[PDB]
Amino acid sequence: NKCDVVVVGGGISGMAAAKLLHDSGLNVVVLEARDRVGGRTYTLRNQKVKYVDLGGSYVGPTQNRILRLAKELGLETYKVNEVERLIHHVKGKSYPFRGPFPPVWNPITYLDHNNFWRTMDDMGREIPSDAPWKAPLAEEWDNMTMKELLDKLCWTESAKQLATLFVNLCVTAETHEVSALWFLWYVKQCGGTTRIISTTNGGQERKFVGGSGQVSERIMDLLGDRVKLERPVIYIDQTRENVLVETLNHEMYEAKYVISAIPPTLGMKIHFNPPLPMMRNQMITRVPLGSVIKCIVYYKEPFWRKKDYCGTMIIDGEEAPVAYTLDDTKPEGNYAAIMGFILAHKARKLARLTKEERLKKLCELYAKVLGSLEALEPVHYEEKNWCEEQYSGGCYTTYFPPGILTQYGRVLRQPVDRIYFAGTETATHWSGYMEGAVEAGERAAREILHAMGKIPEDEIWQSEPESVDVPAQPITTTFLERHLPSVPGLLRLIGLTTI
């Protein structure tokens, strides 16, 4: 019943917040809706797979908070396989390559591709990580979808097609669904295009040995009976001296402060007394999560490696159910597997099928892309459609439709009396990721410590030392990448000389 802080939600963000507060000597309770902790992370264990992440999985350089937390809990990472060649499959043919981006040989198409990535980062530099609505052209960019921006920016279909896949893969949403301002912010706050798309030296470099679910599980172990499972919060009352938090199973909790560590829109599942301020009231109806099915197909051996393919496939085209894959084989070389994402409208479309029907479609796609009949002989299959989850709303994260970020963005992490806001959506570095979950949970916890007079104001936001185990190489560009003209730039140069 009585405690110092109630944390609503036992995902990584809520668990990180609770741990910090507990370590500081406060009495905390975590109220979790599900019969498990972890939220958008979920590690399944059985004999066929040993373990598999069906939710969040990848970590990499510059994600120092999640790496530090996991290390303290006794966890280790291993490198995702990128020894052999990557594949770009376009117009029904596969093209192997090395390096983070598929090579482009046509001079005009090359200029267009180069200008696309460059411009994404150029625009990003004008967007403050902690206040995207303060960008000089915030309103102009927010009033445009990513589809509109790509239509303007890409002078070739080749570039527009890859750019579209990039958006779909980053934020599990269609280009016409999302604000240009918000998407440009999203990429910039991860460190830019190269960092976000890279396996080696990027966001997909590593996974945790034994699964990411261990982060939330091991924190639960530390907290003991303080974590309450199957306690969905239904009601928060701030009209009295202590905050009252009610659960669906009829329990009452009393606290000095509350941390909301759930996806912003899931705040709708709670009835508030007094009512929320107008801006938050409407904000939480304007912020959907994306759509994705994560699918893992198991094989006897990692047969792709024999053909000098690492297992990474970038697959363009409406017909392909999966647009992106990575090798999901265990570090020991066993439980050979390919992980693939079914993205955005395809998650909606293909959800109609049976599990067996999806497995068949994936194997037939992989056989084509890898040019290997071996892909037609799976030994096992696991999948999770995150669109069906009442207490997630989708995956990976929340997207902002046109017009919303400028109008409502500033209230995302603004306290409401004694309620403070965590969750990855409120992070300023790797928001949308496990990293952002840690940043946000610890920041919200320190906001409360400051409110209690236990720490100074300058200690609310804290820097993180770089991991010694996962060093970060800097993002570099070549002279030609920096200075080569865009397509319209070249046309202007021609028009000028021919005058």
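Start at 1 with the first residue shown and count on from there.
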The stretch carrying the higher mean Cα B factor in the deposited entry, 41-49 or 435-443, is 41-49
What stretch has the higher average Cα B-factor here, 88-96 or 334-342? 88-96
Taking the Cα B-factors listed in the entry, which of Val258, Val287, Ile108, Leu370 comes out highest? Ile108
By the entry's C-alpha temperature factors, tell me which of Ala180, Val322, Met220, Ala135 sits highest. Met220
Third assignment of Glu301 from its chain's C-alpha B-factors: highest
Assigned third (lowest, middle, highest) for the C-alpha B factor of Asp130: middle
Place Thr239 in the lowest, middle or highest third of its chain's C-alpha B-factors, as listed in the PDB entry. highest
Where does the C-alpha B-factor of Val28 rank in its chain, lowest, middle or highest third? highest
Could you say whether, by C-alpha temperature factor, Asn143 belongs to the lowest, middle or highest third of its chain? middle
